[PDB]
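Take a look at this one chain, the form deposited in one PDB entry, written out in structure tokens.
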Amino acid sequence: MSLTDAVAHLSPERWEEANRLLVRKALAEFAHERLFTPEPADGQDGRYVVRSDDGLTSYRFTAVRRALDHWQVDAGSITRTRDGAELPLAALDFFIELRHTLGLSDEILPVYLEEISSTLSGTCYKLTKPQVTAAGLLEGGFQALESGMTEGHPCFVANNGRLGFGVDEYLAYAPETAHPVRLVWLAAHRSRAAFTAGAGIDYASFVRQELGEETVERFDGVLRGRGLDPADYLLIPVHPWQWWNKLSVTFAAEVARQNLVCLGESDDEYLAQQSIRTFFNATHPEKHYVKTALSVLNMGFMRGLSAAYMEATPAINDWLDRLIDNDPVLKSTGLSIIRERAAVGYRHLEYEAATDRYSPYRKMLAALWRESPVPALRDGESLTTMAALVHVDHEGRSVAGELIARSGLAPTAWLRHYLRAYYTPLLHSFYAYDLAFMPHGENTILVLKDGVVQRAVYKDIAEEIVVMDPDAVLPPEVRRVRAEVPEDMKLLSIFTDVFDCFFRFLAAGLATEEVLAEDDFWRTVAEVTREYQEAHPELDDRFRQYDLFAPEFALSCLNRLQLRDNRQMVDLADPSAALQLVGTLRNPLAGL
């Protein structure tokens, strides 16, 4: 409410800590992407230095170098020097001084600085939260972990901008604040809107289950009072931010003409997940997630949702689900997906006429419902986002460290269970089906029992999967997920997304934490890779064609994508084109 309370989290001490942490990450991850090469130090062994565009400002730091060109920069070691004088660490100055070394055009730079300022504000807010250990997050439970995550995506520096949120909207809607949100419900006329049902879904029963017979009837009452037949309308849940700031103005014609009718708030209370636009039902955890369209800029993309793509989303989930159920190799890993079960899209005829297929004006009003992983739990089982494995608390304990400890297992035995539940299905998906995911910490959930990973749950399916075989035999609703990927890039779905974008941080984390040395981590990864491959000699050709044990693989840079284009990191027509490969990495599996 208060003017002064809304920015109270922005204090000099928290701002200083946020800037140190962000610059540390910038030094580490821009080094990794070879945007700059830290020259060895003036005499000191682990010391390094990086210089501004003009050479006159120097950032000196210490760093432990680790596998996959990992740089763990010590935050407390960083110093900013100019003319022999120390200057305060400032992320904004850093990016301006390096504007040309990084590919930051004159057009992108001020927006990127906003994303940086916004990320730093988020860190300040997170610093005001009660301190919680890895043990406390686990004892807190599923949403305690979800809203307790602090880092966000570990590669991207400008990863938590949420551009579009005012400070009051940040407090209301950001996942790390965990404030309950009531979704806005609209009635959408069937001439413009369409509901697509997964197998076994019926619109009428679906909306009764999810809203309650009482609310459906109240909504039908509001429509009939306006002279509208409820049989002409479909329900669409919308994010409050999207309604107040976008739909009520941009779609004012549709509202005024009663193609859209605002019904009011949901009775249930929802919690934003790490993707921001996707909500978990806190009142009834068994009910579906709701994924909304949110025309906010975060980490390289506007986070709307395509009305057109909703038509085939549940069919792609029904197909993948049956594929897993009918493959004993996947069924034995325990893999499951939480299916996208129903979807609604609104086709704005006029904005479609005025734009092209790639326009964000076509991604402003749509929603899908996704199964909750809670009812499937057995006695003693619990859920965590895979992103928790690389979350480190204020005592230096990662949540993976705490799990290993509580499990009583040797680290490699614990790591083997995790890899069998999470990594093995990726190998089988790749080699037996040309199938790839986007399996980062936010798209993966882990089922825990006795501290041990029992199985993995994948989500965000229809927007993310790809069958890397244009001639692949699929049912028609699914064929749009095929794509031509160059041969020497197909295996990057493992090399980049798993090894260099997640395992790199998990292995380095567990080593610094004195839980598991790097070599023992990557040996376990090799052992699990061989445990799969030796079980299926019929695929030996493909194991040779796509060598996970090759000496090197390509360095596929992630921040460079956002630096080149922070509105749309990859073209969705040709996503392989946007990749920026910059030399090679030594593969840890080689020789193993």
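All residue numbers refer to positions in the sequence shown, first residue = 1. Only residues modelled in both forms are compared. The term rigid core refers to the most C-alpha atoms you can superpose between the two forms while keeping them within 1.5 Å.
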Does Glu17 have no coordinates in at least a third of the other PDB entries examined? no
How about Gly583: is it missing in a third or more of the other compared entries? no
When the Cα temperature factors in the entry are averaged, is it 269-277 or 80-88 that ends up higher? 80-88
Given the B-factors recorded for C-alpha atoms, which segment has the greater mean, 318-326 or 363-371? 318-326
Checking the record values for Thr333, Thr119, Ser147, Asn298, which has the greatest CA B factor? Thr333
Out of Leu235, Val181, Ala256, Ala75, residue topping the C-alpha B-factor column of the entry: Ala75
Entry-reported Cα temperature factor of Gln454, expressed as the chain third it lands in: middle
According to the PDB entry, is the CA B factor of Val392 in the bottom, middle or top third of its chain, that is, lowest, middle or highest? middle
Going by the CA temperature factor in the PDB record, which third of the chain does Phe251 belong to: lowest, middle or highest? lowest
Based on the deposited C-alpha B factors for this chain, I'd like to know if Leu22 is in the lowest, middle or highest third. middle
Binned into thirds over the chain's modelled residues, the C-alpha B-factor of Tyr309 lands in the highest
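Separately, the form deposited in another entry exists; it is not shown, and the next lines address it.
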Given a rigid core superposition of the two forms, which one of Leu138, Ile494, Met299, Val478 has its CA shift by 2 angstroms or more between the shown form and the other one? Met299
Rigid core superposed: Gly43 CA moves 2 Å or more between the shown form and the other one: yes
Since the Cα separation of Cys155 and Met299 moves by 3 Å or more in that other deposited form, tell me which way: closer or farther than here. farther
With a 2 Å cutoff on C-alpha displacement after fitting the rigid core, which stretches of 3 or more consecutive residues move between the shown form and the other one? 42-44, 297-303
